[PDB]
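Commentary on secondary and tertiary structure
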2 protein chains.
Amino acid sequence: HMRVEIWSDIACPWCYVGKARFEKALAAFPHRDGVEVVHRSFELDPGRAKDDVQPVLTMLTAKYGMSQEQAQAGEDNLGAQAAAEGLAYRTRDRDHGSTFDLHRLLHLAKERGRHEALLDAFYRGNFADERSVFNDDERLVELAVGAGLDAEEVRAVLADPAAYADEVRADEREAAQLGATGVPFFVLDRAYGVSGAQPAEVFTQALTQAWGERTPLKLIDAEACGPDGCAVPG
Amino acid sequence: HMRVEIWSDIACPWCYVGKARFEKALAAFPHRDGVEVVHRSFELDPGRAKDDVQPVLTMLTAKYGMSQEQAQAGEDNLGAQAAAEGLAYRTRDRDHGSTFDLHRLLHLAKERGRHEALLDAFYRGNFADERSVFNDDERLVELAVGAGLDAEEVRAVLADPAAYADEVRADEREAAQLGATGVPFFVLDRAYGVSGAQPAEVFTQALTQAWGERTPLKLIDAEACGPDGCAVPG
Ligand code: NA
Ligand code: NA
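Along each chain, numbering proceeds from 1 in written sequence order. Entry numbering may differ, and residues lacking coordinates are not shown. Throughout, the order in which chains and ligands are written sets their labels, letters from A for the former and numbers from 1 for the latter. Hydrogens and water molecules were not included; the side-chain quantities draw on all heavy atoms of the structure. Residues with missing side-chain atoms are left out of burial classes, side-chain pairs and their counts.

**Quick look at the overall build of chain A**
As a reminder, the rule being used: Comment: elements are numbered from the N terminus, with helices defined as DSSP H or I runs of at least four residues and strands as E runs of at least two.
Summing up its helical and strand segments, chain A has nine helices and nine strands in all. Expressed along its principal axes, the backbone C-alpha trace of chain A runs to roughly 75 × 40 × 30 Å.

In structure tokens, the structure reads:
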């Protein structure tokens, strides 16, 4: 088979839309049975302070020198494209903050086999839900418990800043080495990079090309165990 | 970086010796910091019955039409090569059996971040230890608890045959697709296959070649979030 790695941040509307687009493409791919999907941490703003939560629309108009009209229109468009993938998406009063701790908790999840459940919870918590996922540990606890995780434990991870920090940074490091400066970023078989919330069409194409072009392995050759037992040479 | 996947069985003396040889090679590799090692299930005898435990030396002489002298000599040699890697290895009275349940428990471990600890425990339980790891659930419980895992839980996995069965078969399936018919089998970056307990020299070589020859990714190209925010095109 082959592996598809997907770098994303929770505070990234196209990561949320692009995940659904990819999954839709994957479900129509002829070798979906041979594909493993691995989610990977990325922070769009790793330097941001935990207590720095801002309204999205303020951020667009203030931080990006864009009009309020234009800000609203981008969000309306994102709401339309989210609906079209079967995702809820609030087009008003969204907020934005640091995701570092969310990512540490995603690694707790990845190591409780619940990675995709907590990822979807956090996305839902962010984009579908009026309550903030930022600077609110009890919110993360509730979202995490809802995803199957244990609470005393999720709390221990949140209480201990070093808990899973290495793992978050290592994912971020790997993305930086692979050339990604923006998410979502999809790496198909460590041969092809796909960037942004592409049409399921492109994703389908990317899967097929990536699959199609894997050459058999190149061997280097000694003692082994095989259908007729183990070696005894020296 | 890059990933190195290692297929092995617990009832495989060269898997045990080859793991140590690889690790030794990895520790002297200039880009060890960029390598992720993932362990993968393989059963040399998946059809074997849980209650079918045999002395190794009987198996060699009876099942492989080899002399008893020769059987003992292979084991003595394996004991020497194990010592040379810092591994204990009993050259007498080893037994051999089904590993299916061990592999299911390794997947429990992989999903408690304790994969390498339980792998080394099971190897030690098999090759260093006079007590059998085969057809003895309480032994597996003890070995598993010693490796950091929870007991009521390890027992639930052992009580439920379907627990992690899919995961074991999927690893075995992948090995079969990659052409492996014997272990240990090392796949470096999905580009190079290395088979058997090779000299750390070859492993070093394999790492270097595999690392050296990764070409940058090929991209296919849309909306993303990046250093200057998120897209708004349509
Ligand atoms: Na929210
Ligand atoms: Na033993």
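**Let's talk about the coordination of the sodium ion (ligand 1)**
Residues and elements named next belong to chain A. Just so we agree on the cut-off: Counted as coordinating are nitrogen, oxygen and sulfur atoms within 2.8 Å of the metal, or 3.2 Å for Na, K and Ca, while water is not included, which may make sites look incomplete. Only protein chains enter the calculation, and the probe is 1.4 Å; a residue is then buried if its accessible area is under 20% of its type maximum, exposed if over 50%, and partly exposed in between.
Protein ligation of the sodium ion (ligand 1) involves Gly125 (O), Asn126 (O), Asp129 (O) and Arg131 (O), the donor distances falling in the range 2.3 to 2.9 Å. Between the donor residues of the sodium ion (ligand 1), the gaps in sequence give the motif G-N-x2-D-x1-R. Note on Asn126: relative accessible area 3%, which makes it buried.

**Looking at the sheet that holds strand β6 (residues 192–195) of chain A**
The strands that make up a sheet are held in pairs by hydrogen bonds between backbone atoms, and each pair lies either parallel or antiparallel. Cut-off, in case you're wondering: We treat two strands as partners when DSSP finds at least two bridges between them. Interaxial angle, 0 to 180 degrees, is taken between N-to-C directions of lines fitted to C-alpha atoms, where a helix line uses only the stretch in contact.
Strands sit in the order β2(A)-β1(A)-β5(A)-β6(A)-β7(B) across an open sheet of five strands; the sheet is mixed. A strand with exactly one partner marks an edge of an open sheet, and here the two such strands are β2 (35–41) of chain A together with β7 (218–220) of chain B. Averaged over neighbouring strand pairs, the angle between their axes works out to 25° when direction is ignored. As judged from the four bridges shared by strand β1 (residues 2–8) of chain A and strand β5 (residues 185–188) of chain A, these two strands associate in the antiparallel manner.

**Things to note about the coordination of the sodium ion (ligand 2)**
Residue and element names in this part refer to chain B. Within the protein, the sodium ion (ligand 2) binds to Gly125 (O), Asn126 (O), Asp129 (O) and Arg131 (O); these donor distances fall in the range 2.3 to 2.9 Å. All donors of the sodium ion (ligand 2) come from a single chain, and their spacing in sequence reads G-N-x2-D-x1-R. Like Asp129, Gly125 is buried.

**Some words on the sheet that holds strand β2 (residues 35–41) of chain B**
Rules: Note on contacts: a residue pair qualifies if any of its non-hydrogen atoms lie within 4.5 Å across the two residues.
Reading across the sheet, the five strands line up as β7(A)-β6(B)-β5(B)-β1(B)-β2(B) and stay open at both edges, with mixed pairing between neighbours. Each end of this open sheet is capped by a strand with a single partner; those strands are β7 (218–220) of chain A together with β2 of chain B. This sheet shows a mean twist of 25° between the axes of neighbouring strands, independent of strand direction. In the sheet, strand β1 (residues 2–8) of chain B pairs with β2(B) via seven bridges, with the strands oriented parallel. Bridge assignment links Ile6(B) to a residue of β2(B), and that residue is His39(B). Sitting on the sheet, helix α1 (residues 13–27) of chain B touches β1, β2 and β5 (185–188) of chain B, and the angle it makes with β2(B) is about 170°.

**Structural notes on the environment of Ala180(B)**
By secondary structure assignment, the location of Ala180(B) is in the loop between α8 (165–177) and β5. If near-sequence neighbours (up to four positions away) are discounted, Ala180(B) is found in contact with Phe42(B), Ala175(B) and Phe185(B).

**Considering the side chain of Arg94(A)**
As for its position among the elements, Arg94(A) is in the loop between α3 (68–84) and β4 (95–96). Apart from the residues lying within four places of it in its own chain, the contact partners of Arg94(A) are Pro13(A), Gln54(A), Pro55(A), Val56(A), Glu75(A), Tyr89(A), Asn126(A) and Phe127(A).

**Quick word on α1(B)**
Residues and elements named next belong to chain B. As a reminder, the rule being used: Multiplying one less than the number of residues by 1.5 Å gives the expected span of a helix.
Across its 15 residues, α1 extends 22 Å between first and last C-alpha, which sits within 8% of the 21 Å expected from 1.5 Å per residue. Judged by how many residues are buried, α1 sits mostly within the fold: twelve of 15 residues are covered. When we look at burial in α1, the residues that qualify are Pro13, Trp14, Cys15, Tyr16, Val17, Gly18, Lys19, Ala20, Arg21, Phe22, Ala25 and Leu26.

**Considerations on the packing of aromatic side chains**
In plain terms, the rule: For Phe, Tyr and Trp, where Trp contributes only its six-membered ring, two rings pair if their centres lie within 6.5 Å, and the inter-plane angle classes them as stacked under 30 degrees, edge-to-face over 60, or tilted in between. Over a ring means this: the NZ of a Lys or the CZ of an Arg is within 6 Å of the ring centre and within 35 degrees of the ring normal.
Under the definition given, this model contains 18 aromatic pairs over all chains. Between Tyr16(B) and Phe127(B) the ring centres are 5.0 Å apart and the planes differ by 10°, which places this aromatic pair in the stacked class. Highlighted residues: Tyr16(B) in helix α1 and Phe127(B) in helix α5 (residues 115–127), separated in sequence by 111 residues. Residue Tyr16(B) shares its accessibility class with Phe127(B), and that shared class is buried. Aromatic ring contacts, followed pair by pair, group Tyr16(A), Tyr89(A), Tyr123(A) and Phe127(A) into a single cluster. The ring of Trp211(A) is capped by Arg214(A), whose NZ or CZ atom sits 4.2 Å from the centre of that ring.

**Observations concerning the interface of chain B and chain A**
Quick reminder of the rule: Any residue that is not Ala, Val, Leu, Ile, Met, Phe, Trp, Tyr, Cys, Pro, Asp, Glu, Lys or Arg is counted as polar, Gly included; the first ten are nonpolar and the last four charged.
Each partner contributes residues to the interface: chain B has 56 residues there, and chain A has 56 residues. No other element matches the four residues that strand β6 (residues 192–195) of chain B contributes to the side of chain B that touches chain A. When grouped by side-chain class, the residues that make up the side of chain B that touches chain A number 27 nonpolar, 16 polar and 13 charged. Pairing analysis gives three bridges linking β7(A) to β6(B), with the strands arranged parallel.

**Digging into the relation of the copies chain B and chain A**
Definition in use: Least-squares superposition on the C-alpha atoms is how the copies are aligned.
Aligned on chain A, chain B shows an RMSD of 0.0 Å; the corresponding rotation is 180° and the shift along the axis is 0.0 Å. The two molecules are tied by a two-fold rotation axis, judged by turn and shift. Identified as the residue of chain B closest to the rotation axis by C-alpha distance is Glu111(B), at 2.6 Å. Of the residues that chain B buries at the interface, 100% are likewise interface residues in chain A, meaning the two copies contact each other through the same surface.

**With respect to the pairing of β2(A)**
What counts is decided by this rule: Crossovers are marked right-handed if the path from the first strand over the helix to the second runs clockwise, as seen with the strands pointing away from the viewer.
Of all seven residues that make up β2(A), five are buried, and the element is covered over most of its length. Handedness of the crossover is the feature at issue here: the chain leaves β1(A), passes through helix α1 (residues 13–27) of chain A, returns alongside β2(A), and the resulting connection is right-handed.

**Structural notes on the state of the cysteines**
All names here are of chain A. The condition that has to hold: Count a disulfide wherever a pair of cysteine sulfur atoms falls within 2.5 Å.
Tallied over the entire structure, the rule returns four disulfides over all chains. Across a sulfur-sulfur distance of 2.1 Å, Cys225 and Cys230 are joined as a disulfide pair. Negative torsions about the S-S bond denote left-handed disulfides, and the value of about 105° found for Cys225 with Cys230 makes this one right-handed. Counting only the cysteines that take part in disulfides, in the order they occur along chain A, gives the pairing 1-2, 3-4.

**Considering the pairing of β1(A)**
Of all the seven residues making up β1(A), seven are buried; the element is thus mostly covered by neighbouring parts of the structure. Side chains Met2(A), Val4(A), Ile6(A) and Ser8(A) project from β1(A) onto one buried face, and the interleaved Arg3(A), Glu5(A) and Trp7(A) project onto a second face that is buried too.

**Observations regarding the environment of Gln198(B)**
Put simply, the rule is: In protein, a polar contact means a hydrogen-donor-capable atom and an acceptor-capable atom, both N or O and within 3.5 Å, with residues adjacent in sequence counting only if both atoms are side-chain atoms; elsewhere, any N or O pair within 3.5 Å suffices.
With respect to the helices and strands, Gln198(B) occurs in the loop between β6 and α9 (200–212). It is 22 Å that separates the C-alpha atoms of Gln198(B) and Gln70(B), two residues lying 128 residues apart in sequence. Excluding anything up to four places from it in sequence, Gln198(B) contacts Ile220(A), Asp221(A), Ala222(A), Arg21(B) and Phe203(B). Within polar-contact distance, the side chain of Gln198(B) engages the backbone oxygen of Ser195(B) at 3.3 Å.

Everything listed is a geometric property; what it means functionally is a separate question.
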